[PDB]
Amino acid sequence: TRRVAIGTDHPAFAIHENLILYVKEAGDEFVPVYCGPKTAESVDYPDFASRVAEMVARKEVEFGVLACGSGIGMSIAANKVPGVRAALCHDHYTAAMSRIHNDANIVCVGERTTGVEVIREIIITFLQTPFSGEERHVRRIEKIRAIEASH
């Protein structure tokens, strides 16, 4: 099976149950591992982005799902972890392309920007869409790794 770590900030916690469900809906082979806040209390998105991102980078899980108001902060923070390719997605097309082109391992969504049924579609599309494997994409992904190494 394929483990999928999930994290949110405080307001996106409203939909953490949704996110668990949508991971499961992508197929029986996907196992949600919830790592978000246990409560509605105030938190800082970078702490939860880091947590999920580290799990992905250390390969404890295959994929990450991160949600906050816009998804923007989650995508910035998560990408700061070497080995992470986190994609802010807003529709089916970006969800699919992040996998096909970028072999993205983390999907980020905005709970105050994107309606829940579109978030559902984003998560399912992201999990089900395979990486293309094509020459140019592999080269570009390796160049991103090169950038990490240079810092």
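So that there is no doubt, residue numbering starts at 1 and follows the sequence shown.
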Checklist entry - 42-50 versus 106-114: which one carries the higher mean Cα B factor per the record? => result 42-50
Next on the checklist: Quick check: 84-92 versus 57-65, which has the larger average CA B-factor in the record?
Outcome noted: 57-65
Checklist entry - Should residue 122 be placed in the lowest, middle or highest third of its chain by the C-alpha B factor in the entry? => result lowest
Checklist outcome for this item: residue 33: C-alpha B-factor third of its chain, per the entry, is the highest
